[PDB]
Structures are given as C-alpha cells and as structure tokens.
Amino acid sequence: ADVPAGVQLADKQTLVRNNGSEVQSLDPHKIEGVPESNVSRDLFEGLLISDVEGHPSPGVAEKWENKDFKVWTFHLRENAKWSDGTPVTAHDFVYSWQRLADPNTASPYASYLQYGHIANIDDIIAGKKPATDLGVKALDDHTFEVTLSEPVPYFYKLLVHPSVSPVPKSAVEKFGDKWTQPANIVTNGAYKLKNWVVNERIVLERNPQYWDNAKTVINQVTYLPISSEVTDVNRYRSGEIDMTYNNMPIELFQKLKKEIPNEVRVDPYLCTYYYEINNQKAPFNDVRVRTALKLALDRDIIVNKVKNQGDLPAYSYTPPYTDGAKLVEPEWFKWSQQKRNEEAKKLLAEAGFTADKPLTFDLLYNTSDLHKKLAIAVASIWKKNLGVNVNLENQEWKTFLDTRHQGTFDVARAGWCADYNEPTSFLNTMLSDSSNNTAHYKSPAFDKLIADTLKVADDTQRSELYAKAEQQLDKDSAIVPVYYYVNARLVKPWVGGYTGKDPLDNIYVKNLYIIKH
C-alpha cells in the first residue's frame, strides 16, 4: 500500500470483506470465479499483478521483453519467496503452467493457455503430447521464457490471472487435494492462509516472506461467504464488515444511496449479466427458441424498473467499453418491446409451441437475493410476453458451476467478467473447444473469425473481426444478454486504497490500509 502523507493509521490493521459465496477451491488450477480469484490474489502471485488502478505491473517478474510478440522473457526478482522461506523460481512457473495444461488436472481454465497461444497447448489438452512439451522453459532459476505459436501483442495482460500463478509442487505432490489446508499450504502472495472454515470464514494473515512485505499494511483479512446481499449490507451496517461483496440487493439499495452516499462506491466494471442457454440441449438447440427468449426479455424493465442500480441494457456479450471493442448495436435492440414480443411469439409459434403445448423449462441461478428477484421478474416477463413457463431452481455457487460444466441444464443465470481488458477475454470463452464454454456453443464460423484476429497485424482489422464475432453470436442467439454490470459495493470511510479505477476489480489487500476512526 502507498499511504498518503498525513493519513493517521488505525492501531489495528484488520479487514473484513464479504466474498459472495464459499470458494470452489484455493487451488489456482481448480478455480474460475470472482470469489475464488478475490482470495487467490492475496495468496498466489504470478509474473505480473495489477496495480491499484488496474494496470498490468511487475509481480514475481520485475521486467520482461518480447521478440516479435512470440517469445516472451520474464526476469524474476531474486528475492521472490514462498511463505516457507524458499525461493520462487522459473522452475515453479514451468511446473505450474504444465499442471494447468495437463488434462488430468481438469482445470476449468486449461484453455487460458490456448487464449495466450503457448506453443503445443492444443495437442497437450487433446492428450496427443505430454504436458512437458508445453512452450515454456526456465533458462535459469530467475528467468522464465514463454514461446507462443503466433504473435500475441497483448499476451502480458493475461498474466495477472490466477490460473497462471505458481503453485508449490512439493505440497501438491505430498498432500494431493489437501495441499490447500492451512497446515499444508505454501503461498507466495502478500498473505498466508491462517484459517479456513467452510461456509463461515477464510482468514488470511500477512506473509513476512513476501518480497514486498515492507509495503503491506493490513495484517489480517477475513473473507466471508455470504450470498445474501441483504445480509451482507446488514453486517456491513452493523459494523462487522468493512467492504461488502459487489452484488447489491434490490430491497435496500435505493435506501443506501440516500442514507450513506459517501460509502456507496459505483464504478465501471467489465462484466456482462446474461442468461446462459445450454445450446446442445433440445429444444434450446433451435435458434428460433433462443432468439424468442432473447427478444421477449424486456431489458428496460429489468435494468430500470426491477433492478435500477446503474446497469446498462445489454445487446452483446463483450461489454462495449472493453478496450478494443467497437461493436455494432443490432436492429432488434432499437425496436420497441412490443415489436420484439411479436417477433418472439412468431418464432416460438414457428418452432412448434402452442397454448396447449407451451414451452416449459428450468431457470437455474446461484443462491442470491439479487439473482432470485431478477429470475422471478424474468420468469414473469417471459410468461406475459411469450407464454413460456419457467421453473426456478437455486443452487449454491460451487454446485451451480459444476451443473453448468455438466451441461444438461436448460437456462442458467450467468455473468462473465474480463480476465484481461481485450475483447478476446470474453470471445475466447465461446470457442467450440474452450474449457470455459458452458453455453456449449459450437460455431465453426465464430471460431474462424476469432482465429483470424491474430492473423492480421492491425488493431483496426482485429476490432472489426471482434465486432463480426459478436454479430455471429447474436445471429445464433447463443445467449440472452441482460445488462452490463457496474461495480457497486459499500466501503467504510476508513478503508483507504480502493480507487475503484480498475474496471476488472482486481483488488489486492496488500494495497489497502485502515485509517484511524
């Protein structure tokens, strides 16, 4: 943290953050969500990290070079260490990226290496080549070299993500799935794991072996697993919680803006809220059905009547304010809702649905006040506008993600947040073979458009290709875009260091501090 001249620090430097749900895991190779990544940035540090405004900055690598954007050389700081005092080396990164690529690890983020195009990744994922053929090598203990199959000018931006953080081979090998328990875990971020009580709390304590430990101010941070946004706000206003999770409740928000304006932080956020359709499951494998659901959802009502928290109605998957996004707003989004409803009704009538044999399906969402209220509203809107019946089903976060990967569900509530600020951080998830493709969407035309983006050496042609890829997604009604999120949360007046300037919201507790109050 960089404490401004003149601020008086509190005697006790402890922080309590709500984290939205119980994490799936603390293993960087087994996680995919926001809550997981929140804890992951405090414990495991990769080659680069985000600074307080979100700019990619030195992490374990102090400096780096590239040759033709295809060979990237990272110079690792000599004093980078794990919490047991041992050095973090380039061998740790070789092992870790191999483990991430290895199909036996079954990481949800195995395709992150395809997104960066590390050499030989496709064959490794397919089981055609061993993970040791991955295009990474340690040239020495402090030098990590990555070789890609084609120029990727934004490659370094991907490196702040948890999936490419290092993991300690000896703990993984000796303890297997229990390597992340407090007694066994070894970490290289600013914090160490002190306590992990499932569905109660995660408590982290400062890691004195961290190379930048002298700048760390918070000594202990607790992450809570509260999925009820109302309860989160309640425990924040009671004094227990210092920073809520950034999912806000419909019951109280309007009230909060009026009652505590200075504590309500609302900043840009590169995330899209949408209803994920299982594209491989009839009758959702019919574009007419999917298009009807997309058109009959009334975004004006959701965004301004039922939620009204500053979200913008969405018509795409990639947020239009992503760096590099120049999207074409489709004609259906400018229509009146009445016109969208008649088109939807006509497609559904064309697909075979009648009043006597209506379309009935499930709407899966993870436990949440917000998601429940929004799914009840969406069910009502679809019932009134299109005559479809939906059966709401809630699941806890970890189960919910498992269900979507299992891919036999019908429609699921969904939200994707950028991992790096560039449209492929969204678009690569819809590639036929992506490990993150829970839409189960497979379009050869879409895949080709994205493949073509690194075959041009021009940002203008790349942007035009991303716009066409979004148009192809839209044409196929792969998803139901609802709204672009805003990062809205409460932060006590005494919490310093949270700028809200990073649109990816990659917070590091090592950057925060408690002001005397």
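Residue positions are given as counts along the sequence shown, with the first one as 1. We call the rigid core whatever largest set of C-alpha positions still superposes within 1.5 Å between the two forms.
Between 126-134 and 389-397, where do the CA atoms move more in 9 other deposited structures of this protein, taking the root mean square over the structures and residues after a core fit?
Taking the RMS over all superposed structures in 9 other deposited structures of this protein, 389-397 lies farther out.
Aligning on the core, I want to see which stretch wanders more in 9 other deposited structures of this protein. Is it 233-241 or 267-275 by C-alpha RMS?
With the rigid core fitted, 267-275 is the stretch that strays more in 9 other deposited structures of this protein.
Taking the recorded C-alpha temperature factors, which stretch has the higher mean, 462-470 or 32-40?
Mean B over CA atoms: larger for 462-470.
Give the stretch, out of 320-328 and 341-349, with the larger mean C-alpha temperature factor in the deposited entry.
That would be 341-349.
Which one, 295, 118, 376, 250, has the peak C-alpha temperature factor per the PDB entry?
That would be 250, according to the entry.
For the listed 423, 162, 261, 153, which has the peak Cα B-factor recorded in the PDB entry?
Answer for 423, 162, 261, 153: 261, with the highest C-alpha B-factor.
Residue 498: which third of its chain by C-alpha temperature factor?
Within its chain, residue 498 is a highest-third residue by C-alpha B-factor, going by the deposited values.
Based on the entry's values, in what third of the chain does the Cα temperature factor of residue 1 lie: lowest, middle or highest?
Middle third.
Taking the values exactly as deposited, rank residue 65 by C-alpha B-factor within its chain and report the matching third: lowest, middle or highest.
CA B-factor rank for residue 65: highest third.
Split into thirds by Cα B-factor across the chain's modelled residues, where does residue 128 land: lowest, middle or highest?
Answer is highest: the recorded C-alpha B-factor places it there.
Ranking the modelled residues of this chain by C-alpha B-factor as given in the entry, is residue 99 in the lowest, middle or highest third?
As the PDB entry reports it, the C-alpha B-factor of residue 99 lands in the lowest third of its chain.
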